[PDB]
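Following: one structure in structure tokens, then a few remarks.
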Protein chains: 2
Amino acid sequence: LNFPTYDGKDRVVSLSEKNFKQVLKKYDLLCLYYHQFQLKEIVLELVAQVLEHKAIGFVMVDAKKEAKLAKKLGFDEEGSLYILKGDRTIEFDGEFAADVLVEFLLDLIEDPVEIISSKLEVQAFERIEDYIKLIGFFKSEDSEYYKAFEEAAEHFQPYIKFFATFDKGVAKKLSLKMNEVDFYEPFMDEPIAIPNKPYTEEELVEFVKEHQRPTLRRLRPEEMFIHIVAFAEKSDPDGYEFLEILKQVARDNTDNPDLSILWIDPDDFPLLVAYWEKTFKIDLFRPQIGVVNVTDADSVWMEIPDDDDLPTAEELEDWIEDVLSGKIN
Amino acid sequence: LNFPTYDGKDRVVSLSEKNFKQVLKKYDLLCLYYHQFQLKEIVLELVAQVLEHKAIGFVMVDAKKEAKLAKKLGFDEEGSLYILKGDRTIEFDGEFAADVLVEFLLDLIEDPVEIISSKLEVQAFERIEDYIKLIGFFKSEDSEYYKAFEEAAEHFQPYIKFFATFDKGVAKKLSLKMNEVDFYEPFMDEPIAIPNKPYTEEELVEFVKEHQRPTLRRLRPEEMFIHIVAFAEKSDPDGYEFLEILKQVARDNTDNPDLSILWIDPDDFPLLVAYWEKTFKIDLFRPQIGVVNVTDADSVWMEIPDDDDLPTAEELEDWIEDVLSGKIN
Ligand SMILES: [Yb+3]
Ligand SMILES: [Yb+3]
Ligand SMILES: [Yb+3]
Ligand SMILES: [Yb+3]
Ligand SMILES: [Yb+3]
Ligand SMILES: [Yb+3]
Ligand SMILES: [Yb+3]
Ligand SMILES: [Yb+3]
Ligand SMILES: [Yb+3]
Ligand SMILES: [Yb+3]
Ligand SMILES: [Yb+3]
Ligand SMILES: [Yb+3]
Ligand SMILES: [Yb+3]
Ligand SMILES: [Yb+3]
Ligand SMILES: [Yb+3]
Ligand SMILES: [Yb+3]
């Protein structure tokens, strides 16, 4: 009824060789913890208890003990959690926290392509604009073109959402031809149709890798970890009004390749944003936009001293042009 | 740049008497931990570290030692976190986690009334529909009627959001008369004006307490802890399409006082929803609506076996009527 508390049962098994290959196909997902870390230890144990009846295995591979198995799987960062799914290895870079860890695994455990088979599902599909989407129309699951799409979906999972329909009327409502795939940028209404349908998986993966930095995109707790960062609480009238300004500059510079704004809602990352306040020495719980140096963590911020008078889209774009050209950093 | 890690410094002080009243006025907020709990110990220490330069004090009150101070403040649940703000006592009932705890305190630390002073902020105010809102128009902060609204806002903090404007043009755009207060239900566009303005604080608090159970409302990680609960991932076309049906049933029974739907997005509560799957024996990460018994934790769920054919609002409403009238429990 209330919140789960860890019961003491040790579910994080230690994985040796020979024991390895049996457990990779017993489960959908394997969580491998590569080796004072009682905080990271106890989070992994509580997630394993809540998911003890999901098809997810929780193991730990010691750096010194199973150094054989860590070299066999390519474990670089010690103290990091790696997710194995079939032939693929996913390094978790999010916050090592029970909320964030559960959501990542449950995103990863499902099929990488969500199938839309109803016309009423198309309206809800079209209104969801916060992430990159792809959608295709195929004859059936057995098709080589769906398989290529399915294989491409697996390569980007769970960071980019893939969709398919097998219905002529649904595809008619999406204005999709047979074996065609539409690409949706975040916060833009009109999709991009990938040229020269039908597509192989190498054609799809190469298209998505070119289009991986859209003009505006929303940070997620899954996908994370020079850099233009915008801060706006959508739940706050101030941050929402600033977010609406950011959307207008995103739709005015779809031509501009040197513009990629990362919007961070502080309500989605309350611990991370508060910590960055200590690093960036600015109030990030009100509308802000800045550029951050990846190395030195230096930053310069647009002057928004007065949130009852936020910049217009022309003033944001002019500030952006001064930042891209070279104002300070 | 990356995530904060706890540095070893012990900031959770132990608070005695006489030392008490100095630290209550030294700080804006007092976080009191009432007494194997190394998990709760380490979460509180990281939050105190991240917030070490905020006007927030972190203390712990042992049940047996400072039982004097625990009796003086009224601490019932051991292992619970209580937030003190001036004359007010707030028991934290949410997940004992750094993300949820940080967001709660930063919600509590700000002024309970957010002032809107720009007409462009009014459009953004109107699009934020996920929580109860109140907004009033007063002459200035010095007015006795603003003081009553501010005192009412402090009384519901941080669970219900209060707003005020002091500007004639903003109020005209809000269609607010002077000292008038509008009441906003979640997911309903038209506010309710509280009758017989101007209002005392008792007049406002009593109005809000009658109207605290609206037809549809979204759970928050702050405010939480017979009951119709709906499960819908807004980020998923299935869950979004289901969310759109609930809004339609919400607008059809604004008359019905015995209808109060709690929408829980599984993406907002990944640990709690996965845990409830084990208690309710249902896949809650797809569209669901059920009624839960508060005592026995029994539940009965509307049958949604086929997510390509979700119920319409009439079918939801008919299911609701069988549940309110008496179908099963
Ligand atoms: Yb690496
Ligand atoms: Yb890493
Ligand atoms: Yb999902
Ligand atoms: Yb499947
Ligand atoms: Yb299948
Ligand atoms: Yb594959
Ligand atoms: Yb098309
Ligand atoms: Yb604000
Ligand atoms: Yb969210
Ligand atoms: Yb101002
Ligand atoms: Yb301006
Ligand atoms: Yb209590
Ligand atoms: Yb409690
Ligand atoms: Yb806030
Ligand atoms: Yb007060
Ligand atoms: Yb139906």
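Here is the figure for segment A:180-227: residues that are acidic (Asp, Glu), assigned to a loop (DSSP other than H, G, I, E, B) and assigned by CATH to the domain that holds A:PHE166 total 4.
Screening B:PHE92, B:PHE58 for residues that are of a type in the set (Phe, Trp, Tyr), more than 20 Å from the chain's Cα centre (by Cα), within 30 Å of B:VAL273 (Cβ to Cβ) and surrounded by 15 or more Cβ atoms within 10 Å (Cβ to Cβ) leaves exactly one candidate, B:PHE58. Just wondering, is there one or more residues in segment B:299-320 that are touching a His at 6+ places or on another chain (Cβ under 7 Å) and away from ligand 10 (no atom under 16 Å from the Cβ)? No: segment B:299-320 contains no residue that is touching a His at 6+ places or on another chain (Cβ under 7 Å) and away from ligand 10 (no atom under 16 Å from the Cβ). Here the condition is being in contact with a strand residue (DSSP E or B) (Cβ under 6 Å, 6 or more places away or on another chain) and either crowded, with 18+ Cβ neighbours inside 10 Å or more than 11 Å from chain A (Cβ to nearest Cβ) (or both); of B:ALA250, B:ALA313, it holds for B:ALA250 alone. Taking segment B:123-145 as the range and being among the β-branched types (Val, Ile, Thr) and crowded, with 20+ Cβ neighbours inside 10 Å as the test, only B:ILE135 passes. A:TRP263 meets each of the listed conditions (1) of a type in the set (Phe, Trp, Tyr); (2) within 24 Å of B:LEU105 (Cα to Cα); (3) within 14 Å of another protein chain (Cβ to nearest Cβ) apart from (3). Residues in segment B:74-96 that are within 16 Å of ligand 9 (Cβ to nearest atom) and either in a strand (DSSP E or B) or over 22 Å from B:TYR27 (Cβ atoms) (or both): 1 in all.
The single residue among A:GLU185, A:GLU201, A:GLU277, A:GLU210 that is within 23 Å of B:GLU110 (Cα to Cα) and out of contact with any strand residue (DSSP E or B) (no Cβ under 6 Å at 6 or more places or on another chain) turns out to be A:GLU277. Residues of segment A:95-145 that are over 21 Å from the mean Cα position of the chain (by Cα) and either more than 23 Å from A:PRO191 (Cα to Cα) or more than 13 Å from chain B (Cβ to nearest Cβ) (or both): A:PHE137, A:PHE138, A:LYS139, A:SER140, A:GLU141, A:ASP142, A:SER143, A:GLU144, A:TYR145.
Considering only residues in segment A:31-51 that are assigned to a strand (DSSP E or B) and crowded, with 21+ Cβ neighbours inside 10 Å, the one that is farthest from the other protein chains (Cβ to nearest Cβ) turns out to be A:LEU32. Taken over segment B:1-30, the criterion of being part of a helix (DSSP H, G or I) and either within 14 Å of another protein chain (Cβ to nearest Cβ) or polar (S, T, N, Q) (or both) is satisfied by B:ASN19, B:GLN22. So, B:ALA153, is that one more than 14 Å from chain A (Cβ to nearest Cβ), buried (at least 21 other Cβ atoms within 10 Å of the Cβ), of a type outside the set (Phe, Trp, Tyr) and over 22 Å from B:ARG217 (Cα atoms) or not? In short, no. Just one residue in the set B:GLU150, B:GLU114, B:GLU141 is in a helix (DSSP H, G or I), acidic (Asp, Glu) and within 21 Å of A:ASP308 (Cα to Cα); that residue is B:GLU150.
You will find that of B:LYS161, B:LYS177, B:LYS168, the residue that is surrounded by fewer than 18 Cβ atoms within 10 Å (Cβ to Cβ) and under 26 Å from B:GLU110 (Cβ atoms) is B:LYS168 and no other.
Would it be correct to say that A:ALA274 is among the small types (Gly, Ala, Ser), at the interface with chain B (Cβ under 8 Å from one of its Cβ atoms) and part of a helix (DSSP H, G or I)? When the stated conditions are applied, A:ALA274 passes them. Among the conditions (1) surrounded by fewer than 20 Cβ atoms within 10 Å (Cβ to Cβ); (2) touching a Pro at 6+ places or on another chain (Cβ under 9 Å), the only one that A:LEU101 does not satisfy is (1). So, B:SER143, is that one over 21 Å from A:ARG286 (Cα atoms) and not charged (D, E, K, R) or not? In short, yes. Count, please, the residues in segment A:71-83 that happen to be crowded, with 21+ Cβ neighbours inside 10 Å and either aliphatic (A, V, I, L, M) or assigned by CATH to the domain that holds A:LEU271 (or both). Of the residues in that region, 1 qualify. Taken together, the residues in segment A:103-127 that are within 22 Å of A:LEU30 (Cα to Cα) and either within 16 Å of ligand 11 (Cβ to nearest atom) or among the polar types (S, T, N, Q) (or both) amount to 0.
All Cβ positions, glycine included, derive from the backbone under ideal geometry; neighbour counts span all protein chains shown. What is reported rests on the model, the rules as stated and the sources as named; none is laboratory data.
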